[PDB]
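1. Let me give you the complex in parts, starting here:
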Amino acid sequence: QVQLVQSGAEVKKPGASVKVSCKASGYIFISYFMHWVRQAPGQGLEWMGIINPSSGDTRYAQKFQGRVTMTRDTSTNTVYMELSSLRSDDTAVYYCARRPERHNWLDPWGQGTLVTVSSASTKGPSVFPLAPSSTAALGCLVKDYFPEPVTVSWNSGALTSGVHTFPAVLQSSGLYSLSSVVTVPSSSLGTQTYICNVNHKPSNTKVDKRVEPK
């Protein structure tokens, strides 16, 4: 039914420009305005602007007047948001949202497009183990990769309970770091194989690290 489908995630070097699509399905594209808002994990939602699909007329938020350009294609029924002069605080999730008179409240929203602003280059994560000495806690420091995301599964999906995978942190290098840690009965090491399988699809990386101790 009512569906907005935007483009995939994108990585930008600072000062470039990014163009996010948003395809509608399940309603009359020409009859309902399209809002663009954004969400950075340092604040809440930031409205970017409003476009009328039938006309193409726009009005942008005061914060973005100039850098943002909203357009549309009636044939393929797609709205486009283009943000330019990308500074490092423009990395965020970008949402298009359909407006259902003077009733402006947005529904439904798109899947969101993650746009990262950084000059770091694609890089595989280096995996290091977190071995336990004296229940027991074992872990996996996946370190210095770009860009996000990474997938961590223990034991090729065997061990799942007690597993805690931490959100990634952006280091001063511009690369990300995250750890995954699972608690296991202490007697099980010395008997059971506990492998940390990480994969990074951006940068052709498939690493397996046996996490054993002492």
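-> Looks like it arrived, so ask away. Residues are numbered from 1 along each chain as shown, chains lettered A, B, ... in the order given.

2. measure residue A:23 to residue A:48 for me?
-> 18 Å (C-beta to C-beta, to the nearest Å). The way it works is simple: take the backbone N, C-alpha and C, and place the C-beta from them, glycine included.

3. Compare these two (neighbour count), which wins?
-> residue A:48 (21 against 17; other C-beta atoms under 10 Å).

4. Domain parsing of chain A, as residue ranges.
-> As recorded under curated CATH domains, the domains making up chain A are A:3-117, A:126-210.

5. how far out from the middle of the chain is the shortest one?
-> Centroid separation between domain A:126-210 and its chain, computed with C-alpha atoms, centre = their mean, to the nearest Å, is 20 Å.

6. what's the span of it from first residue to last?
-> End-to-end span of domain A:126-210 (C-alpha to C-alpha, to the nearest Å): 14 Å.

7. what does stretch A:144-156 give?
-> 22 Å.

8. which residues are contacting it?
-> For stretch A:144-156, contacts defined as C-beta atoms under 8 Å, 6 or more residues apart in numbering pick out A:11, A:116, A:118, A:120-126, A:140, A:142, A:160, A:163, A:165, A:168, A:171, A:173-178, A:180, A:182, A:193-203, A:205.

9. can you check stretch A:35-49 too?
-> Under C-beta under 8 Å, 6+ apart, the answer for stretch A:35-49 is A:22, A:50-51, A:58-61, A:63-64, A:68, A:70, A:79, A:81, A:83, A:89, A:91-99, A:106, A:112.

10. Buried ones among these?
-> By neighbour count, with 16 or more other C-beta atoms under 10 Å, the contacts of stretch A:35-49 hold A:22, A:50-51, A:58, A:60, A:64, A:68, A:70, A:79, A:81, A:83, A:91-98, A:106, A:112 as buried.

11. Just the ones of those in strands?
-> Secondary structure defined by DSSP state E assigns A:22, A:50-51, A:58, A:60, A:68, A:70, A:79, A:81, A:83, A:92-98 of those to strands.

12. so how far does stretch A:82-93 reach from one end to the other?
-> OK, stretch A:82-93 end separation, C-alpha to C-alpha: 14 Å.

13. and if you look at stretch A:95-107?
-> End-to-end distance (C-alpha to C-alpha), stretch A:95-107: 11 Å.

14. what does stretch A:4-14 give?
-> Length of stretch A:4-14, first residue to last, C-alpha to C-alpha: 28 Å.

15. Buried residues in that stretch, which are they?
-> So, applying 16+ other C-beta under 10 Å, buried residues of stretch A:4-14: A:4, A:6-7, A:10-12.

16. wait, residue A:59 sits on residue A:65?
-> No - counting by C-beta atoms under 8 Å, residue A:59 does not reach residue A:65; the two are 9.2 Å apart.

17. Tell me, how many residues neighbour the nearest residue to residue A:139 once chain neighbours are set aside?
-> In this structure, residue A:139 finds its nearest non-sequential neighbour in residue A:130, 3.0 Å apart by C-beta to C-beta, 6 or more residues apart in numbering. For residue A:130, the number of neighbouring residues by other C-beta under 10 Å comes to 16.

18. just checking, which of the contacts of stretch A:144-156 belong to strands?
-> A:11, A:116, A:126, A:140, A:142, A:163, A:165, A:176-178, A:180, A:182, A:195-200, A:205.

19. Another chain to add, chain B:
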Amino acid sequence: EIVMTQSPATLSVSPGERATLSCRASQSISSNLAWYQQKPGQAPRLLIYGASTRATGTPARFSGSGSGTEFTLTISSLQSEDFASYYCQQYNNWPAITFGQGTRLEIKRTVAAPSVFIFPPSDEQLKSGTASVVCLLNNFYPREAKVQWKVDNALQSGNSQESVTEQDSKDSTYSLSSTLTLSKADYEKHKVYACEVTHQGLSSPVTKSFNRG
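-> This next block brings in chain B, placed alongside the chains you saw above:
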């Protein structure tokens, strides 16, 4: 130029009780306000509009009162799927809309003291120029926890990073990790590496430490 300010930034309440958030406007927006719920990794979904009118599919425990400058969303009888983030939004003058900062709703549970662990740098990472000591705070509640690093009793400042996970699904607790990164030269120059955890579920701080070797 109309600003919406969200009630408290975070709220923890036990499942099944009552939850009250309050959106505030600098300018009187008359009625003219919507609410959104958003789960992590997902887009916001519409909840109420016109301050009080539930959206299609919005269950009856969600209600909202308003008119003027100060508004309120209320969830009677919390539920598992309601713990999320909630945003208010204004449309006082037609095309211009501004959102709130947000209020994250959390599950209130019993106090749980963290199980602490410390991990030295792995002998594969020292071959480069870095060393990482990792302190884990497993399955604790509430969120508030103060971890400090000390090397040779020298209290570290601005060289660790903290990351906290989302509230566990089966236990409703949190886990936290403090990663201290040093140069290998700085690492092998010191012996005792200690991570001290302060938490309201702890009679006294829990210090977990190790020696280089």
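
20. Take the contacts of stretch A:144-156 again, chain B included.
-> Stretch A:144-156 has contacts (C-beta atoms under 8 Å, 6 or more residues apart in numbering or on different chains) with A:11, A:116, A:118, A:120-126, A:140, A:142, A:160, A:163, A:165, A:168, A:171, A:173-178, A:180, A:182, A:193-203, A:205.

21. Could you name the specific helix or strand carrying the closest residue to residue B:171 other than its chain neighbours?
-> Once flanking residues are discounted, residue B:171 sits nearest to residue B:139: 6.1 Å by C-beta to C-beta, 6 or more residues apart in numbering or on different chains. Using DSSP states H and E, the element containing residue B:139 is strand B:130-140.

22. strand partners of that strand, parallel vs antiparallel please.
-> The strands that strand B:130-140 pairs with in its sheet are strand B:115-119 (antiparallel), strand B:174-183 (antiparallel) (by DSSP bridges).

23. Now that we have those strands, can you turn them into TSV and tack on mean neighbour count?
-> Shown next, in TSV, are the strands paired with strand B:130-140 (neighbours: other C-beta atoms under 10 Å in any protein chain shown):
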stretch	mean neighbour count
strand B:115-119	22
strand B:174-183	22
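
24. between these, which one is nearest to residue B:104?
-> Nearest of the strands paired with strand B:130-140 to residue B:104, taken as C-beta to C-beta: strand B:174-183 at 12.7 Å.

25. The residue nearest to residue B:171 touches residue B:117, doesn't it?
-> No - applying C-beta under 8 Å as the test, residue B:139 and residue B:117 come out as separate, 11.4 Å apart.

26. For residue B:39, give me its contacts.
-> Residue B:39 makes contact with B:84-85, according to C-beta under 8 Å, 6+ apart.

27. ok, so what distance separates it from chain A?
-> For residue B:39, the distance to chain A (C-beta to the nearest C-beta, to the nearest Å) stands at 12 Å.

28. wait, what's in contact with residue B:178?
-> Taking C-beta under 8 Å, 6+ apart, one finds B:134-135, B:137, B:147, B:149, B:160-162, B:195 in contact with residue B:178.

29. switch the cut-off to 10 Å
-> When contacts are counted by C-beta atoms under 10 Å, 6 or more residues apart in numbering or on different chains, residue B:178 touches B:118, B:133-137, B:145, B:147-149, B:156, B:160-164, B:195, B:197.

30. out of the residues you listed, which are buried?
-> B:118, B:133-137, B:145, B:147-149, B:156, B:160-161, B:163, B:195, B:197 (16 or more other C-beta atoms under 10 Å in any protein chain shown).

31. what residues are shared contacts of residue B:139 and residue B:117?
-> Here residue B:139 and residue B:117 share the contacting residues residue A:183, scored by C-beta under 10 Å, 6+ apart.

32. any idea which element the most centrally placed residue in chain A lies in?
-> What sits nearest the mean C-alpha location of chain A, by C-alpha atoms, centre = their mean, is residue A:114, with 4.4 Å. Residue A:114 is part of strand A:113-117 when elements are defined by DSSP H and E.

33. Direction included, what does that strand pair against?
-> Strand A:113-117 has these strand partners (DSSP bridges): strand A:10-12 (parallel), strand A:92-98 (antiparallel).

34. could I get the ones you listed as JSON lines with distance to residue B:171?
-> Converted to JSON lines, these look like this (distance: least, C-beta to C-beta, whole Å):
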{"stretch": "strand A:10-12", "distance to residue B:171": "36"}
{"stretch": "strand A:92-98", "distance to residue B:171": "28"}
